[PDB]
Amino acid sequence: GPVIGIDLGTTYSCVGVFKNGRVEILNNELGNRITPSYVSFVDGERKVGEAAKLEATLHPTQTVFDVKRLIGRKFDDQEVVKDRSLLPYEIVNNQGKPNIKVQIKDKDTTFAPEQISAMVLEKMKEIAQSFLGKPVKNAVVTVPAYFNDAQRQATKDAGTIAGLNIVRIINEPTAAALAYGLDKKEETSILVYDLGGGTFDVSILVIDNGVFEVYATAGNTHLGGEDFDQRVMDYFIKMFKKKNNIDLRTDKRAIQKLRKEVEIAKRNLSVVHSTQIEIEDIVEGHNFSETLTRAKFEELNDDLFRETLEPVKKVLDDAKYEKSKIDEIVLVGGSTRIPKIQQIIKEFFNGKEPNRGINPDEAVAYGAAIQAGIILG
């Protein structure tokens, strides 16, 4: 049978197939290579992906996301106590474990995290089946290198619920190394710098005659692209209030429209120096129209960019490594396209240039699909 590769991310998932000797990263039905890991339970319908994410503005308690933060953990774990205070959907204690509670046609309905992750895996499965024109029963699925056995097993259980035999779990650093075709002969020490939408992970990965070992891992579970957007949002909400006597936080729809344009402006500023953020009638009778520069984008986020270096010093200290011991730096996550991030990493490594791809958001799924091909022979 076919074996597909799935990057099951905190904020998004991505599915790849290995076919006639190539990895193809598959578009969802809206033509995107990345699917938001959102599931909504509104008005008797269940939605998965972008349509679910759009429900979050008006139905925040019914729109489930960031389930990867809960999967295989205990309700009283210090990380889960913190996530319950941040997440707007209800999390309950079922026998020591966090479960998600929502309403379906007004009825209280409880889900284990693996049941929500299974709904994301089933959408990625369907994208594969439709593209390949046959049923898919097998998958390689990625996890963070810091996942323990209970987190890996709950990920395998999500696959079983979705009708997927997960024939192999591989860590995100390993998947990145396969995607970039890092040479497997002799011994190489790789720093994998992974800055996504919601989380930051860094690992030291050593490749030794085709054996992959993560020697050390550290990160920041609340530092990613979304934090950079929120800093811009905070600035423009202050400015619009100063100029127009309108506080855009009082209108949830206005906030949703601004967040969309701010995300687009951030992306543009990875290439250009100046971009316009425009919304006709952000509220009735009032247009939003501002310029954001790369310099103001950086000024608003420079403390958060520099915080990424704290886990980097920690993994070097944990592995008793000198900076010069790192043979290469590999960047994964869309947020590594930010020019200031690359510059700060280069400077920390006394001038050594980091390796990036052109699609860092797809590297992990790409490597999962490579592992699928390696397993089929």
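Residue indices: 1-based, along the sequence shown.
**Report entry** 354 to 362 or 8 to 16, whichever carries the higher mean Cα B-factor
**Finding:** Mean B over CA atoms: larger for 354 to 362.
Query raised in the report: Per the PDB record, is the mean Cα temperature factor higher over 138 to 146 or over 160 to 168?
Result: Comparing 160 to 168 with 138 to 146, the higher average CA B-factor belongs to 160 to 168.
Report task. Name the one of 68, 53, 320, 340 with the greatest CA B-factor according to the PDB entry. Result -> Of the candidates given, the C-alpha B-factor peaks at 320.
Query - Given 213, 194, 251, 90, the residue at which the Cα B factor reaches its maximum - result: By C-alpha B-factor in the record, 251 ranks first.
Report task. Report the third (lowest, middle or highest) to which the CA temperature factor of residue 374 belongs, ranking only the modelled residues of the same chain. Result -> CA B-factor rank for residue 374: middle third.
Report task. Compare the C-alpha B factor of residue 111 with those of the other modelled residues in its chain, then answer lowest, middle or highest third. Result -> Middle third.
Query raised in the report: Going by what the PDB entry lists, where does residue 180 fall on CA B-factor within its chain: lowest, middle or highest third?
Result: It belongs to the middle third of the chain when residues are ordered by C-alpha B-factor.
Requested in this report: Pull the Cα B-factor of residue 105 out of the PDB entry and bin it into the chain's lowest, middle or highest third.
Outcome: Residue 105: CA B-factor falls in the highest third of its chain.
Query raised in the report: Looking at the C-alpha B-factor of residue 34, is it in the lowest, middle or highest third of its chain?
Result: Highest third - that is where residue 34 ends up once the chain's C-alpha B-factors are sorted.
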